[PDB]
2 protein chains.
Amino acid sequence: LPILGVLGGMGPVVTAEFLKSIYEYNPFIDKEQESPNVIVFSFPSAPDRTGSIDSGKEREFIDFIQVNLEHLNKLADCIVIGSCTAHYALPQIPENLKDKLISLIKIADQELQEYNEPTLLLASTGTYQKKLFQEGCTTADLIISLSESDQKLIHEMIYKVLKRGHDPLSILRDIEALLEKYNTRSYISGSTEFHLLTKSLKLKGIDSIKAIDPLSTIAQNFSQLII
Amino acid sequence: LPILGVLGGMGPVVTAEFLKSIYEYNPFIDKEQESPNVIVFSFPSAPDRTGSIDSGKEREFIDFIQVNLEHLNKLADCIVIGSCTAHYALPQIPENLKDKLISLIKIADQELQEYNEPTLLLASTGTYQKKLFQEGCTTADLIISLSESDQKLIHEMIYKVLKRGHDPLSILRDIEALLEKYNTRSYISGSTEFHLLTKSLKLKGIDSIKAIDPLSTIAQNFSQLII
Ligand SMILES: N[C@H](CCC(=O)O)C(=O)O
Ligand SMILES: N[C@H](CCC(=O)O)C(=O)O
C-alpha cells in the first residue's frame, strides 16, 4: 500500500490539522482499512525557518531537513514538507533524496494555472526574502506580492495567532481587507499555517474567497498523488 | 530531546485528533521549538482488531504490531499504541520491545485509583471479550461492566459514528442514558475513539461527566511522562 511521509512540526498546530484533513477528505466507505496510510515526523524543535535565514545558521537547518529526509525515504513512497519557507533548503540537498518529494510550491503553481486569475501571496517574510514562489512558479505573473509593510502584518498573524492555535476566523476581517486592497478574490497559502484559515473558511461556507491551499489539495487528491 | 512514538491508525480519525490534543494541551510560551516532538504511524490498514479476534487470524495482527514496534523502538524514546483492543497482542510480543511502551490500560487504572468512584467501561466487544481492563487493572472492582446488549450498542457507536468522523456530540444523549442506567457520573474510554467524545464534552464545558480518558491524560502530562 502507498505511504505518505510528512516532515512536519514546522507548525505543529498545522501538522496536526493537516493529518485531520487527510481523513476528513478521504472517508472510508465500508472499512477503515481503506483509509490513507501516513507517517508524520512532527518535530517543532526544527530551527525557526525565517530566523535561521535572519541569523547566519542556515547550515544547521539544511542539515536538519537532510537527516530527516534520509529517514523518510526509507519509510515512505511519497514525501511532503509541512512548511513553504522550509523548501528553501532543497537546492542544497542531493537530487536522489528528493525523488519522492512533492513541492508545495509546485502544487500551488498547478492550482493557480487552472484558476487563472490574479491571486495574493500570503507568506512569511522569510518565504518572500527567498522568493520561493516568484522563482518557482510558471504562473509567477499571476501572483500578487504583498508590500513589505503587509508582509510583516502577515508574519504577525502567522506567529501571533495561527501557530499559537487561536481561532483562524479571528484574522478573517484583516484578510478580507487585504484581498480588497490588492484587488482580488483569492489567496495562496504561502505559509502552510493558512491551511488553518482555509479549513475555517470552508466550515462556515464562505465562498467569496478562493483559497489556493497546497495541503488541502494534497489531502483531497491523496489517492491520485501517492504511488 | 524526548520523542513520543504513536503506533496509530487504529482509528485514523482519533489518531489525528490525538496529535491535535498534544499541542492543544502543550502550547508554547515564546517559541514553537519548545513544543513536543512526536512521530505518528497512522496505518489504517492494520487488520480490524475485534474482527481479527472473531475470525482465526490473530497471528496476522500480532505480526503487524510487532513489526511496527521494532521500527518505533529505534526512533522514539516512549511509545503509545492508539487502540485499547490492540493491547491484547502484547503478551505475544518480546518483553524487550515493550520497555518504551505506555499501556493505555495502566494509564486508565492510575486515573481511576485517584478518582475512586465506580465508573462505566465503554469499549468494543473485542476489548470486553479479551477482558483487558478487568484483567489489567488494580482498580478492577471500581469498573462497571456493560451488559452484552449495551456492549453491542457501544460497538455500534464506535464504528458507525465515531470512526466515521461524525459529530461525537450526536451520541451524548445515548451516553447520558447509559450513565444513568448503570448509575454513575463517569466513564472509561475503553475504546480510544471516546477521546473524540471527551474533547467534544470539554469544549462545551459539560462538567457533569468525569471522563477517564488515557489519550487526554498522555497529552496533558506529556512533559512528565516522556523521557
Ligand atoms: N510555515 C512555513 C513558514 C514558517 C515555518 O517554517 O513554520 C510556511 O509558511 O510554509
Ligand atoms: N479503537 C480501539 C478498538 C477498535 C480499534 O482497534 O480501533 C480501542 O478502543 O482502543
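Criteria and thresholds
- Within every chain, numbering proceeds from 1 in written sequence order, not necessarily in step with the numbering of the entry, and residues without coordinates do not appear.
- As a convention, the first chain written is A and the first ligand written is 1, with the rest following in written order.
- Based on all heavy atoms of the structure, the side-chain values leave hydrogens and waters out of the count.
- Near is defined per residue: the residue qualifies when any heavy atom it owns lies within 4 Å of the molecule or strand.
- What qualifies as a polar contact is a pair of N or O atoms within 3.5 Å, subject to a donor-acceptor requirement within protein and to the restriction that residues adjacent in sequence count only when both atoms come from side chains.
- Only the protein chains shown count as covering a residue, and every accessible area follows the Shrake-Rupley method with a 1.4 Å probe.
- Each residue is assigned to one class: nonpolar for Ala, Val, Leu, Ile, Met, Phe, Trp, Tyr, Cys and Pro, charged for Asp, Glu, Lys and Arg, and polar for all the others, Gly among them.
- By convention here, the domain bounds are inherited from an automatic or database domain assignment.
- Between two residues, a contact is recorded if the distance between any of their heavy atoms is within 4.5 Å.
- For salt bridges, the criterion is a side-chain nitrogen of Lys or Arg within 4 Å of an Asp or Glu carboxyl oxygen.
- Working definition: helices are DSSP H or I runs of at least four residues, strands are E runs of at least two. Numbering for both runs from the N terminus.
- DSSP bridges decide pairing: two strands pair if at least two such bridges lie between them.
- With a 1.4 Å probe rolled over the protein chains alone, any residue whose accessible area is under 20% of its type maximum counts as buried; one over 50% counts as exposed, and the rest are partly exposed.

Per the deposited record, X-ray crystallography is how this structure was determined, to a resolution of 3.22 Å.

If you check the PDB entry, chain A appears there as McyF from Microcystis aeruginosa PCC 7806.

Here we look at the site of ligand 1
Residue and element names in this part refer to chain A. Surveying the vicinity of ligand 1 reveals the residues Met10, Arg49, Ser83, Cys84, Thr85, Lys163, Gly190, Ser191, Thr192 and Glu193. At 2.8 Å from an oxygen atom of ligand 1 is found a side-chain nitrogen or oxygen belonging to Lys163. Burial of ligand 1 by the protein chains amounts to 100% of its free accessible area of 280 Å². Its residues assigned to classes, the shell around ligand 1 shows two nonpolar, five polar and three charged.

Some words on the site of ligand 2
Residues and elements named next belong to chain B. As a matter of local geometry, ligand 2 sits amid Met10, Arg49, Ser83, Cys84, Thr85, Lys163, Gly190, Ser191, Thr192 and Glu193. The side chain of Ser191 places a nitrogen or oxygen atom 2.9 Å from an oxygen atom of ligand 2. For ligand 2, a nitrogen atom lies 2.8 Å from a polar atom in the side chain of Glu193. Protein coverage of the free-state accessible area of ligand 2, which is 280 Å², stands at 100%.

Structural notes on the domain arrangement of chain A
All names here are of chain A. Split into domains, chain A comes out as domain 1 (1-105 + 215-227) and domain 2 (106-214). Relative placement of domain 1 and domain 2: their C-alpha centres are 19 Å apart. Domain 1 puts 32 residues into the contact, and the matching count from domain 2 is 32 residues. Our enumeration of links across domain 1 and domain 2 arrives at three salt bridges. Residue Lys130 pairs with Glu58 through a salt bridge whose shortest N-O separation is 3.5 Å. One can count 20 residue pairs in polar contact joining domain 1 with domain 2. For the side of domain 1 that touches domain 2, the elements supplying multiple residues, two or more each, are α1 (12-24), α2 (49-54), α4 (104-115) and α10 (214-220). By residue number, the principal contributor to the side of domain 1 that touches domain 2 is α1, which donates seven residues. When grouped by side-chain class, the residues that make up the side of domain 1 that touches domain 2 number 14 nonpolar, eleven polar and seven charged.

Details of the sheet that holds strand β4 (residues 119-122) of chain B
Residue and element names in this part refer to chain B. The strand order across the open sheet built from four strands is β5-β4-β6-β7, with neighbouring strands paired in parallel fashion. Each edge of the open sheet is held by one strand with a lone partner, namely β5 (143-144) and β7 (210-212). In terms of strand pairing, strand β6 (residues 186-189) meets β7 through three bridges, oriented parallel. Across the sheet, the residue bridging to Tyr187 is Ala211, located in β7.

Some words on the pairing of β6 of chain B
Residue and element names in this part refer to chain B. Because side chains alternate across β6, one face comprises the buried residues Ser186 and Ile188, and the other comprises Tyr187 and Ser189, equally buried. Two elements, β4 and β6, share three bridges in a ladder whose sense is parallel. Residue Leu122 lies in a different strand from β6, and its bridge partner there is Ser189.

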